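Each remark here refers to the structure printed beneath this line.
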Amino acid sequence: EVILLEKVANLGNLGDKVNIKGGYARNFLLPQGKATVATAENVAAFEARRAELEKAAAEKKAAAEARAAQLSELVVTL
Amino acid sequence: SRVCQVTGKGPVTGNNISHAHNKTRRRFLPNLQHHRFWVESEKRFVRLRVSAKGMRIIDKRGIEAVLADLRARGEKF
RNA sequence: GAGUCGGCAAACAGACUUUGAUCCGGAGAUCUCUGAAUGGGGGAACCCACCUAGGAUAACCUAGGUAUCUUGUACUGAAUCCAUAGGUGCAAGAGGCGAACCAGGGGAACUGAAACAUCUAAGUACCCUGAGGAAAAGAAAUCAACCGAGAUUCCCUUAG
RNA sequence: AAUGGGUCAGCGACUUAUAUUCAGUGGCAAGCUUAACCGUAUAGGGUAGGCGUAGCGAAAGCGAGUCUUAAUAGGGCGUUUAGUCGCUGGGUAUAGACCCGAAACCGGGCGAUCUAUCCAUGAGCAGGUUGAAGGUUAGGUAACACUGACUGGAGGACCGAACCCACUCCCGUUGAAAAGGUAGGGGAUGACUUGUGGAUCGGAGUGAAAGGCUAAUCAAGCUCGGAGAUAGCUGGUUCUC
RNA sequence: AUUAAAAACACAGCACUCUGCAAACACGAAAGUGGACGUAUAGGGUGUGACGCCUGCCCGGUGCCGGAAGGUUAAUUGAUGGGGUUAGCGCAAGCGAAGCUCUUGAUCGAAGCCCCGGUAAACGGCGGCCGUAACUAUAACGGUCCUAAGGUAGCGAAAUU
RNA sequence: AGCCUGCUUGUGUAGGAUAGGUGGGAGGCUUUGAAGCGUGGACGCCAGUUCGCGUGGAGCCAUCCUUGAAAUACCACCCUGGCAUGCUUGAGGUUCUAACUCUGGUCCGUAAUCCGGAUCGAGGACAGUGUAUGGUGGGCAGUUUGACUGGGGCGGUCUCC
RNA sequence: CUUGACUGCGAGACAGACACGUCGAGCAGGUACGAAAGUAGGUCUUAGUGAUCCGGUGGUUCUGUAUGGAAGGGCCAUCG
């Protein structure tokens, strides 16, 4: 009953509409910018924004390339 | 008090019929929890003492429309 | 239109009235202090103030303001960037009292049953909250038997 | 020698409403009578209804007739021929129901100016005794011990007034006093006594605990309501033949 | 308070038990407060009541503490069966699919209880049956039985005879 | 617990070997079913079957050939000992954070040990509350607890012959 | 024999506050028996018992909340 928008999770899709538990929509999926309820108020507004998502969602692993190269140097002094 | 901020459900009174049909006067409380509802068009959680089928009305009508007529009645949030 | 200065309270003083008093209606003015009491307190009828305008000779005075909450509006702006909370000012309104009537919320028990517990008493008494001069109800998702009747409330019967 | 009454004068107990039954007395009569309401209003209208004219059966039903049983065969109930609405009495039902009278139960209040604890802040305890711990010193010991002396001033210590109590006697008992007095008695630096302000309250407080105390009231305060509770009990119920 | 000042109550000391802190507990329909601005040498509750010598036996009953994990067991679940209505096929009688509905109630259900152990400064218990010995009434005995077990030190005609 | 595709294992009397089963199917000849023996790999209701036959482009298991209560290849559908696991409903465990909770720190409202809001930390789908339900429950409550009777209590009695 | 320990009743009495209770033929359903007059509606007699209300069961012709049915109710029989 939700529209998923991210894929780096355990079961996060982007174009499948799944039926999940009621508390899993309320407290996690909706308030994190990660879904919206299956309403027909902007369901045709999703279809005019299908090519704005293909920019930032692809750099999401590309900006995690060189940022990860300073995460494993282990240069924190205790 | 123990009234739902969405449905307006307060406590109701009734009886406690035993096996020998003795009436004891009791009270039916509503299933109130506190809960923080996320509002996108304010970027802010609103914490709302609501009965558990008052949350079913949030899930059905949207929090942005239930908060429209909580302030029509003039309540806290 | 001839008397009057209220009564218990009759007298007496000093007076007022045909240039019209007293008296009787309508309208206005005054209206101290308390009391919702409302500037702050408080042991009701007391105490202490502040702000603005004007007047006053080491003292004050005059006329207004100064409660809270609700709604509305303007300005202001925390954590926090945005703007929400909050703050401040303006308007407008509310509070209190009253014998019953009214719509609701909460609700006994003695008693009757020839004991008593289901039941009764009785949704009575009582408490509480609103509203009005009435209130509530009300324009059929109502009844009727294949005939029909058409909102509600009220009285009389069906009927103990 | 059981109850009640000192006496007088006033007051003081079978009512009223609505249903109903019976009697008397009336109107109409196979019919009778209206209720709300209408009314230029005790009239008149209004016959919705109520009762009567037919019963029997649980009932469908049938009707001067059912039931029963496979049985029109056998008994119970009814049946030719007066009722209705007033009015006045006698009863009954429901209401406080002839009057008076409980202990008690419940609901809203009022109250800790008395008392019971507690909280804050104040102050009261004449006078006399006793002589704890610590000190100082001498003497004694390996320093530790340990004995004198001097000092010190402890204590729910002692004796005793105020004060607070209340053990005993007597008086008082219609008292001076709804709990005292007089003579003696207990504590009297403490777990003390007390002023002032405050806190807690009725299946509820508070209680060094007695069911004690919570305004002379306490095995559940006071007050006002339910309420004229209830009373198979008590007492009383008024002119004459 | 107002017929009981005592042997009653309190007490220091003692023991038992609860309580890991948002504590047990208590007052509160609740927030909250007290406990306590404390923290197991503490706090609550129960019983005994300075001190000295001591505090025996009994875990059956009832309570509390722990225990396997079996049997019985609640709402909830709704297997299966039995009905009520009626489309329809059959000439009709009939059954009757599907529904809808009314009952039925297999499985799934925890604590508790049944069960097992411990616990007496837990509430409690510490025999009667006869002849014995004797006498008003007895565990010294042989005892017969019975029970969870039949009173130890002390004391005793007693605040108890 | 259900479900799933290729669905491969059938080792009794006897049969060279095999019966969970029904139909077209009487020859399998598309390297014949490469083969007598047999190397290696699984399993055995024990010497039964499947795959690179050790070599490779070859007649073996013989479709009634014999037996067995239904026969061996061709090719379509299913259940079993069940296989891996996707799709999933039930009871565990420890874990995750985002509900909830905090009578923790820090900020801000604020001149506040209340309260919110922000954030950090902790617990964590537990706790806790609503509702339904079993258990306990003199903590509290409304009550009941008969009559006769040479007074009452104890005993006896109460209906019938 | 193998049922009169009958079915419908029942004139009239006895007892009796009431509720209860007791005694009792002929026609049929129809009967055992006797070959028949006839006897038989339990036992020589008087104790061996329990109201109503709720349920349970089997009938039923009765009712069956618009109608057809059912549910529920009534009646009759019998159980707790």
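Labels used: A, B, ... for chains in the order of the structure tokens, numbers from 1 for residues in each chain, and numbers from 1 for ligands as shown.
DSSP secondary structure from the backbone places residues 22, 23, 24, 53, 54, 55, 56, 57, 58, 59, 60, 61 and 62 of chain A of chain A in alpha helix (DSSP H).
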Hey, what's within 12 Å of residue 94 of chain C if we count only C-alpha atoms (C1' of nucleotides) and toss same-chain stuff fewer than 3 positions away? As a PDB file with N, CA and C atoms (P, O5', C5', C4', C3', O3' and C1' of nucleotides), in the first residue's frame, please?
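Writing the result to result-v9.pdb gives the following:
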ATOM      1  P     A C  36     -16.116  37.943  44.518  1.00  0.00           P
ATOM      2  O5'   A C  36     -16.718  37.876  43.051  1.00  0.00           O
ATOM      3  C5'   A C  36     -17.507  36.773  42.652  1.00  0.00           C
ATOM      4  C4'   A C  36     -17.430  36.510  41.171  1.00  0.00           C
ATOM      5  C3'   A C  36     -16.141  36.841  40.447  1.00  0.00           C
ATOM      6  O3'   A C  36     -15.118  35.885  40.658  1.00  0.00           O
ATOM      7  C1'   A C  36     -18.023  37.450  39.133  1.00  0.00           C
ATOM      8  P     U C  68      -3.846  39.444  32.695  1.00  0.00           P
ATOM      9  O5'   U C  68      -4.313  37.934  32.592  1.00  0.00           O
ATOM     10  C5'   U C  68      -4.312  37.096  33.735  1.00  0.00           C
ATOM     11  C4'   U C  68      -5.481  36.152  33.716  1.00  0.00           C
ATOM     12  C3'   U C  68      -5.716  35.433  32.406  1.00  0.00           C
ATOM     13  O3'   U C  68      -4.883  34.301  32.246  1.00  0.00           O
ATOM     14  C1'   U C  68      -7.756  36.306  33.206  1.00  0.00           C
ATOM     15  P     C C  69      -4.300  33.930  30.800  1.00  0.00           P
ATOM     16  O5'   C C  69      -5.524  33.244  30.061  1.00  0.00           O
ATOM     17  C5'   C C  69      -6.047  32.014  30.527  1.00  0.00           C
ATOM     18  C4'   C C  69      -7.433  31.768  29.999  1.00  0.00           C
ATOM     19  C3'   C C  69      -7.586  31.747  28.493  1.00  0.00           C
ATOM     20  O3'   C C  69      -7.178  30.529  27.903  1.00  0.00           O
ATOM     21  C1'   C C  69      -9.315  33.039  29.440  1.00  0.00           C
ATOM     22  P     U C  70      -6.582  30.511  26.413  1.00  0.00           P
ATOM     23  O5'   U C  70      -7.858  30.670  25.481  1.00  0.00           O
ATOM     24  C5'   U C  70      -8.910  29.717  25.524  1.00  0.00           C
ATOM     25  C4'   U C  70     -10.144  30.205  24.810  1.00  0.00           C
ATOM     26  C3'   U C  70      -9.947  30.649  23.378  1.00  0.00           C
ATOM     27  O3'   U C  70      -9.857  29.566  22.476  1.00  0.00           O
ATOM     28  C1'   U C  70     -11.303  32.216  24.506  1.00  0.00           C
ATOM     29  P     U C  71      -8.724  29.563  21.347  1.00  0.00           P
ATOM     30  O5'   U C  71      -9.330  30.466  20.190  1.00  0.00           O
ATOM     31  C5'   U C  71     -10.572  30.137  19.592  1.00  0.00           C
ATOM     32  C4'   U C  71     -11.242  31.343  18.988  1.00  0.00           C
ATOM     33  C3'   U C  71     -10.466  32.102  17.926  1.00  0.00           C
ATOM     34  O3'   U C  71     -10.472  31.475  16.659  1.00  0.00           O
ATOM     35  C1'   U C  71     -11.466  33.631  19.418  1.00  0.00           C
TER      36        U C  71
END
At a cut-off of 12 Å, using only C-alpha atoms (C1' of nucleotides), what residues contact residue 147 of chain E? Leave out same-chain residues fewer than 5 positions from it and give the result as a PyMOL selection string. chain E and resi 58+60+125-128
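With distances restricted to only C-alpha atoms (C1' of nucleotides), B:17 is the closest residue to chain C from B:17, B:50, B:63, B:68.
Take atom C1' of residue 40 of chain E and atom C1' of residue 117 of chain E: the distance between them is 29.6 Å.
Contact shell of residue 61 of chain G at 12 Å (only C-alpha atoms (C1' of nucleotides); same-chain neighbours under 4 positions omitted): residues 59, 60, 61 and 67 of chain D; 75 of chain G.
The coordinates place atom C1' of residue 1 of chain G at 14.3 Å from atom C1' of residue 40 of chain G.
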Which neighbours of segment 196-206 of chain D fall inside 9 Å, counting only C-alpha atoms (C1' of nucleotides), when residues of the same chain fewer than 5 positions from it are skipped, and could you give them as an NGL selection string? (:D and (111-112 or 116-122 or 213-214 or 220-221)) or (:F and (140))
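When the distance limit is 12 Å and only C-alpha atoms (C1' of nucleotides) are what count, the residues near residue 47 of chain G, minus those fewer than 6 positions from it on the same chain, are residues 159, 160 and 161 of chain F.
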Only C-alpha atoms (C1' of nucleotides), please: the residues just picked out, written as a PDB file, in the first residue's frame.
ATOM      1  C1'   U F 159     -44.449 -35.793  55.706  1.00  0.00           C
ATOM      2  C1'   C F 160     -47.060 -40.706  55.433  1.00  0.00           C
ATOM      3  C1'   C F 161     -49.176 -45.719  57.742  1.00  0.00           C
TER       4        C F 161
END
